[PDB]
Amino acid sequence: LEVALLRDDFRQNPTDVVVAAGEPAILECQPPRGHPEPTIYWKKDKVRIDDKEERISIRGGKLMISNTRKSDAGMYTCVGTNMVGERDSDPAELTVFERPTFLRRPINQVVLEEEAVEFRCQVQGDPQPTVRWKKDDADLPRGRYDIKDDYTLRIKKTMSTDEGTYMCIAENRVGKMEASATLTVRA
């Protein structure tokens, strides 16, 4: 003699998850109290899903998504079920971002004193990565460098002190990536 019952308040709602593509995502749910003890299943944008695919696993209170792809993003809902009815959790957004990569890596230059040189860096990612430039792991000297819109690093009248390793850094909220290239000067 226990009450046939289903509450409306989840013991644990799933919470939003932010991931870089390739990383795993884990959503957690505990259903409301009830009798009989509710089970759970999961919906993605109101459509019920299953653990058919190898990279998806549903067990306990967890939905586990290995090797996230941009497709995986959406609103995930946990549903608590028993013979009284179904209850929908507050939804959790899965965001899948893309760690920055290089469309165009900068390439070693070799140049004779007093004469133009340019270095190129084109990046991709989601969000769009912030591009930074360095020299010998320190800030670009003043006066010298001309800057196009695209992250092209330009010089009109090169000189010997300009010698060293020039690094392009691409950075968003989900990763960082470095690519450097030598500038060689000759009298």
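Numbering starts at 1 and follows the sequence shown.
- Between the stretches 99-107 and 112-120, it is 112-120 that shows the larger average CA temperature factor.
- In this entry, 144-152 shows the higher mean Cα temperature factor of the pair 54-62 and 144-152.
- Among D126, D139, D162, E28, the highest C-alpha B-factor recorded in the PDB entry belongs to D162.
- Annotation for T158: CA B-factor lies in the highest third of the chain's modelled residues.
- When all modelled residues of the chain are sorted by CA temperature factor, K43 is found within the lowest third.
- Per the deposited record, the Cα B-factor of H35 falls in the middle third when ranked against the other modelled residues of its chain.
- Annotation for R132: C-alpha temperature factor in the lowest third relative to the rest of the modelled chain, per the entry.
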